[PDB]
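What follows is a single structure, written as structure tokens, with notes after it.
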Amino acid sequence: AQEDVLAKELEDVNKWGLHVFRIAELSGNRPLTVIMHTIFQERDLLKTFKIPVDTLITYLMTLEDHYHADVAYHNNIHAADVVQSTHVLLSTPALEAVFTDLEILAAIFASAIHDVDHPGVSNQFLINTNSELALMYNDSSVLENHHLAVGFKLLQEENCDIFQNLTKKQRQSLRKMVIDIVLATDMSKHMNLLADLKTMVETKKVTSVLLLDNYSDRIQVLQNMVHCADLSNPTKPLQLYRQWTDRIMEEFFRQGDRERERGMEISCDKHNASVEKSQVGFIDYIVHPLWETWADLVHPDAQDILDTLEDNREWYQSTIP
Amino acid sequence: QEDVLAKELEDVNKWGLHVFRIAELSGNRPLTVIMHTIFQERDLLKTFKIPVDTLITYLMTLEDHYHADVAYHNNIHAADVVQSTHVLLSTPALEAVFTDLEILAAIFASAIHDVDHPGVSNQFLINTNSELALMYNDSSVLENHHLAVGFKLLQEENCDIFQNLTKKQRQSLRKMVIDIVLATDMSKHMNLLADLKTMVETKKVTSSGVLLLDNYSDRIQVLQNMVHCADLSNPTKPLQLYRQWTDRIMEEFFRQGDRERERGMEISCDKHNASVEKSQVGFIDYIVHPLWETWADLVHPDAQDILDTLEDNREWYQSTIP
Ligand SMILES: COc1cccc(Nc2cc(-c3ccccc3)nc3c2C(=O)NCC3)c1
Ligand SMILES: COc1cccc(Nc2cc(-c3ccccc3)nc3c2C(=O)NCC3)c1
Ligand SMILES: [Mg+2]
Ligand SMILES: [Mg+2]
Ligand SMILES: [Zn+2]
Ligand SMILES: [Zn+2]
């Protein structure tokens with residue numbers, strides 16, 4: 001009966017605002033595994049790429065295992081939500097028959113692994129406390145390089161190589177794209193990514209659907225697409241959004257509590273925080289400029305997402321005065 | 001022995017230092033003694049309040065992480081790049097341009113720039129599905145690892161030569177060292193060269209022809225090209241040095257070839273099928289000379305003696321071709 005309700009909730013996999021937190025309770029805490037299996041079935045990705053079903057389950061569970069169950073925001077539920085959101089953006093009418101099967105595979109895999117083994121703390125925290133991770137990666141996209149190293153490394157585990165039947169050319173190319181996509185999720189790169197997206201909207205070329213052309217534009221589109229999915233919480237129905245905020249504030253406060261345990265200045269402070277004002281500014285300066293520009297690329301496919309974000313923005317603002 | 005090395009070292013400020021003899025007479029400690037002399041000379045120990053024993057401890061531990069069994073990418077190559085940078089930092093046209101901190105980073109970077117090199121290329125490591133390429137997502141694989149090793153060794157007991165620096169000082173130098181080492185990757189050559197060409201066209205300079213570099217972007221860029229130049233300086237040294245570096249890179253390459261043929265890899269590096277001579281002319285013409293000429297255009301006329309040797313060696317190597 002739980003499998004019954006689980007399978008019912010999975011009927012909404014193609015819809016913005018899927019009940020991701022319920023799917024997580026109903027799956028026995030395997031949102032990423034169940035959401036990823038259902039998406040591969042939907043898009044016929046097992047057959048196309050000859051992925052044995054048992055290998056795909058075995059990898060998915062191992063990766064899911066490598067998201068930390070004690071990090072409030074950057075955990076497996078978030079990875080799941082990011083995969084399903086890229087899945088929906090990939091389906092936009094303005095991009096129909098634009099991306100190859102291998103590019104579709106790259107974007108969804110990249111979404112799955114994009115935050116794996118996330119410690120619940122910022123790049124800057126890891127730089128300033130002189131941690132193994134920052135020493136390893138020379139202070140440069142430290143977390144995102146790690147996510148990638150981990151997401152690939154897990155393919156080598158027993159019965160875990162989901163790409164065993166791709167050609168060597170397919171695999172080299174998929175690898176390069178996954179790396180390019182996942183490094184583009186570092187927020188220190190947001191302003192530069194959005195510049196390029198604006199330029200592409202401004203020089204946009206369309207059919208009587210979107211034309212590309214060359215690897216450089218296609219990759220930028222995929223990079224911006226997964227960044228949008230990554231920052232999609234404030235575009236979701238408000239009950240989903242509000243839970244996403246409580247979780248990121250918890251993680252943010254746990255980090256400030258560790259910076260205090262150290263005599264570090266506090267970036268994060270649970271006796272200073274102004275949650276509602278911070279969310280309004282997040283949307284106004286970061287989240288709305290990205291989604292406005294994305295909506296422009298795919299006009300008018302994303303109008304309802306954009307209307308949703310604007311409503312949520314107003315709601316949060318309304319809590320202030 | 002301690003007398004001969006004393007005297008050989010008195011040439012530390014000269015292009016064409018007898019670096020192989022120094023390695024010999026120091027008991028394979030050329031990076032320790034060359035770095036040590038340099039810090040004394042430049043007065044880097046008083047300026048940065050470095051206890052003598054800490055530098056020595058670090059330098060020895062740093063040098064031990066160069067592989068003795070790799071024919072080019074070892075501690076003699078790291079002693080050599082260090083010394084070559086130290087001389088280029090003394091270019092008339094760069095007089096009083098860089099701070100004591102920036103001089104320190106250039107020279108620290110030089111020293112660590114190849115540490116723990118396996119004697120094989122980034123493309124090898126990407127093709128052998130290596131663990132280092134897995135870790136660094138195929139980007140500047142070697143170069144990222146050299147840095148992470150260099151900095152980690154400072155945390156060993158009595159190896160933190162930076163202990164008496166302030167916190168802003170440590171951040172800044174850490175940043176500079178990384179930008180400088182990442183620039184040693186040859187994949188980045190052409191892009192750095194174009195940028196240096198840009199700087200020369202639109203260059204500034206006082207009435208002594210001393211260059212004026214205000215912002216970080218321009219100064220780091222110069223220190224990047226300066227250490228890249230030092231790395232690629234072997235063809236510009238006296239012939240009896242150049243030849244010795246060339247035999248050594250050719251051995252390292254032919255050994256990578258062996259490691260390949262073996263593993264069933266397509267052999268890249270091929271000893272039963274290379275012209276050492278023609279490959280050197282090729283290398284000078286397409287990479288080393290466009291580089292040191294452009295550098296020469298920046299500090300005109302100061303790099304003249306250097307560019308002249310480079311062109312006299314190209315001529316000699318081309319004379320070895322029937
Ligand atoms: C892509 O990398 C990263 C890294 C850290 C946080 C995020 N996301 C957020 C940040 C913030 C936030 C909070 C206070 C000040 C500034 C920003 N608020 C939210 C999210 C989110 O996506 N969901 C819920 C609302 C994304
Ligand atoms: C900085 O990165 C790297 C990597 C590999 C070789 C080098 N340097 C050389 C390469 C080659 C060479 C020879 C044949 C074909 C292509 C290149 N010859 C020489 C050096 C050198 O610097 N000293 C001795 C002469 C530099
Ligand atoms: Mg992330
Ligand atoms: Mg190197
Ligand atoms: Zn994320
Ligand atoms: Zn080198």
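In the structure tokens, each chain is lettered A, B, ... as it comes, each chain's residues begin at 1, and ligands are numbered from 1 in order of appearance.
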Compute the set of protein, DNA and RNA residues whose minimum atom distance to ligand 4 is at most 8 Å, using only C-alpha atoms and all ligand atoms, and state it as a PyMOL selection string. chain B and resi 73+113-114+117+142-143+146+184-185+231
How would you write, as a list in words, the set of residues in stretch 235-277 of chain B that DSSP gives as alpha helix (DSSP H)? residues 239, 240, 241, 242, 243, 244, 245, 246, 247, 248, 249, 250, 251, 252, 253, 254, 255, 256, 257, 258, 259, 260, 261, 262, 263, 276 and 277 of chain B
Within 8 Å of ligand 3 (only C-alpha atoms and all ligand atoms), residues as a list in words: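 Using only C-alpha atoms and all ligand atoms, I find these residues within 8 Å of ligand 3: residues 74, 114, 115, 118, 143, 144, 185, 186 and 230 of chain A.
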Output for the residues just chosen: N, CA and C atoms as a PDB file, in the first residue's frame:
ATOM      1  N   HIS A  74      21.673  20.193   1.730  1.00  0.00           N
ATOM      2  CA  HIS A  74      22.508  19.556   0.675  1.00  0.00           C
ATOM      3  C   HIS A  74      22.626  18.025   0.842  1.00  0.00           C
ATOM      4  N   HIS A 114      25.463  16.127  -8.569  1.00  0.00           N
ATOM      5  CA  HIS A 114      26.032  17.535  -8.505  1.00  0.00           C
ATOM      6  C   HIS A 114      26.456  18.028  -7.121  1.00  0.00           C
ATOM      7  N   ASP A 115      25.868  17.450  -6.058  1.00  0.00           N
ATOM      8  CA  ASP A 115      26.194  17.837  -4.623  1.00  0.00           C
ATOM      9  C   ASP A 115      26.647  16.672  -3.700  1.00  0.00           C
ATOM     10  N   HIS A 118      28.495  16.421  -0.015  1.00  0.00           N
ATOM     11  CA  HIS A 118      28.440  17.766   0.486  1.00  0.00           C
ATOM     12  C   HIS A 118      28.501  17.769   2.049  1.00  0.00           C
ATOM     13  N   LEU A 143      34.243  22.322  -3.538  1.00  0.00           N
ATOM     14  CA  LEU A 143      33.151  21.399  -3.349  1.00  0.00           C
ATOM     15  C   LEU A 143      32.793  20.692  -4.632  1.00  0.00           C
ATOM     16  N   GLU A 144      32.626  21.469  -5.729  1.00  0.00           N
ATOM     17  CA  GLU A 144      32.121  21.007  -7.026  1.00  0.00           C
ATOM     18  C   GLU A 144      33.050  20.059  -7.757  1.00  0.00           C
ATOM     19  N   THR A 185      27.796  24.857 -11.529  1.00  0.00           N
ATOM     20  CA  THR A 185      26.917  25.036 -10.323  1.00  0.00           C
ATOM     21  C   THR A 185      27.575  25.795  -9.179  1.00  0.00           C
ATOM     22  N   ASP A 186      28.881  26.060  -9.280  1.00  0.00           N
ATOM     23  CA  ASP A 186      29.539  26.915  -8.297  1.00  0.00           C
ATOM     24  C   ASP A 186      28.944  28.326  -8.430  1.00  0.00           C
ATOM     25  N   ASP A 230      19.028  23.733 -10.002  1.00  0.00           N
ATOM     26  CA  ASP A 230      19.705  23.973  -8.737  1.00  0.00           C
ATOM     27  C   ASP A 230      19.127  25.135  -7.927  1.00  0.00           C
TER      28      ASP A 230
END
Check the smallest atom-to-atom distance from each of A:97, A:295, A:149, A:24 to chain B using only C-alpha atoms, then report the winner.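 Of A:97, A:295, A:149, A:24, the one nearest chain B, counting only C-alpha atoms, is A:149.
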Please report as a PyMOL selection string which residues of chain B come no farther than 10 Å from chain A, using only C-alpha atoms. chain B and resi 131-139+144-145+147-152+171+174-175+177-179+182
What does the file look like for those residues with C-alpha atoms, as a compact mmCIF listing (two decimals), in the first residue's frame?
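Everything below was put into part_23.txt:
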# COMPACT_ATOMS: atom_id res chain seq x y z
CA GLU B 131 43.51 8.29 -9.79
CA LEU B 132 45.07 11.82 -10.09
CA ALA B 133 42.99 12.58 -13.25
CA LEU B 134 39.84 11.22 -11.46
CA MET B 135 40.52 13.57 -8.56
CA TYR B 136 41.14 16.69 -10.71
CA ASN B 137 38.54 16.14 -13.39
CA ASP B 138 41.11 16.03 -16.22
CA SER B 139 42.00 19.79 -15.63
CA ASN B 144 46.97 21.02 -9.29
CA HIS B 145 48.75 18.04 -7.53
CA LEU B 147 50.53 22.74 -5.49
CA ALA B 148 48.59 20.50 -3.02
CA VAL B 149 51.82 18.68 -2.16
CA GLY B 150 53.88 21.88 -1.85
CA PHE B 151 51.46 23.45 0.67
CA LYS B 152 50.79 20.30 2.75
CA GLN B 171 46.16 34.58 1.83
CA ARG B 174 48.74 31.42 -1.33
CA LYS B 175 46.64 32.98 -4.10
CA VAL B 177 51.50 30.75 -5.83
CA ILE B 178 48.42 28.94 -7.21
CA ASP B 179 47.89 31.35 -10.10
CA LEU B 182 48.59 26.67 -12.74
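Atom CA of residue A:161 is positioned 27.3 Å from atom CA of residue A:98.
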Would you write out, as CSV, a table of all residues in chain B that have an atom no more than 7 Å from an atom of ligand 2, listing for each the closest atom pair and the distance in Å to one decimal, considering only C-alpha atoms and all ligand atoms and ordering rows by chain and rising residue number?
residue,atom,partner,partner_atom_place_in_ligand_line,distance
B:184,CA,ligand 2,1 (C),5.7
B:185,CA,ligand 2,1 (C),6.0
B:186,CA,ligand 2,2 (O),5.4
B:231,CA,ligand 2,1 (C),6.0
B:232,CA,ligand 2,22 (O),4.8
B:233,CA,ligand 2,22 (O),6.7
B:234,CA,ligand 2,23 (N),5.0
B:235,CA,ligand 2,25 (C),6.4
B:242,CA,ligand 2,24 (C),6.4
B:245,CA,ligand 2,24 (C),4.5
B:246,CA,ligand 2,24 (C),3.9
B:249,CA,ligand 2,24 (C),5.7
B:250,CA,ligand 2,13 (C),6.9
B:276,CA,ligand 2,14 (C),6.8
B:279,CA,ligand 2,14 (C),4.7
B:280,CA,ligand 2,13 (C),5.7
B:283,CA,ligand 2,16 (C),5.5
Contact check, chain A to ligand 5, at most 12 Å, counting only C-alpha atoms and all ligand atoms, closest pairs as CSV:
residue,atom,partner,partner_atom_place_in_ligand_line,distance
A:67,CA,ligand 5,1 (Zn),11.6
A:73,CA,ligand 5,1 (Zn),8.8
A:74,CA,ligand 5,1 (Zn),6.5
A:75,CA,ligand 5,1 (Zn),8.9
A:76,CA,ligand 5,1 (Zn),10.1
A:77,CA,ligand 5,1 (Zn),10.5
A:78,CA,ligand 5,1 (Zn),6.8
A:79,CA,ligand 5,1 (Zn),6.9
A:80,CA,ligand 5,1 (Zn),10.1
A:81,CA,ligand 5,1 (Zn),9.5
A:82,CA,ligand 5,1 (Zn),7.3
A:83,CA,ligand 5,1 (Zn),10.4
A:85,CA,ligand 5,1 (Zn),11.9
A:110,CA,ligand 5,1 (Zn),10.9
A:111,CA,ligand 5,1 (Zn),8.4
A:112,CA,ligand 5,1 (Zn),9.7
A:113,CA,ligand 5,1 (Zn),9.5
A:114,CA,ligand 5,1 (Zn),6.3
A:115,CA,ligand 5,1 (Zn),5.4
A:116,CA,ligand 5,1 (Zn),9.1
A:117,CA,ligand 5,1 (Zn),11.4
A:118,CA,ligand 5,1 (Zn),9.1
A:120,CA,ligand 5,1 (Zn),11.0
A:122,CA,ligand 5,1 (Zn),11.6
A:143,CA,ligand 5,1 (Zn),10.5
A:144,CA,ligand 5,1 (Zn),9.5
A:147,CA,ligand 5,1 (Zn),10.3
A:182,CA,ligand 5,1 (Zn),9.4
A:183,CA,ligand 5,1 (Zn),11.1
A:184,CA,ligand 5,1 (Zn),10.8
A:185,CA,ligand 5,1 (Zn),7.1
A:186,CA,ligand 5,1 (Zn),8.8
A:187,CA,ligand 5,1 (Zn),9.7
A:226,CA,ligand 5,1 (Zn),9.3
A:227,CA,ligand 5,1 (Zn),8.3
A:228,CA,ligand 5,1 (Zn),10.1
A:229,CA,ligand 5,1 (Zn),8.5
A:230,CA,ligand 5,1 (Zn),5.0
A:231,CA,ligand 5,1 (Zn),7.6
A:232,CA,ligand 5,1 (Zn),9.9
A:233,CA,ligand 5,1 (Zn),10.5
A:244,CA,ligand 5,1 (Zn),11.7
A:248,CA,ligand 5,1 (Zn),10.9
Contact residues around stretch 48-58 of chain A with only C-alpha atoms at 7 Å, ignoring same-chain residues under 3 positions, as JSON, numbers by chain: {"A": [33, 44, 45, 61, 62, 159, 160, 161, 162, 163, 165, 166]}
Atom pair atom CA of residue A:305 + atom 8 (N, counted along the ligand's line) of ligand 1, distance 17.4 Å
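What separates atom CA of residue A:13 from atom CA of residue A:42 is a distance of 9.3 Å.
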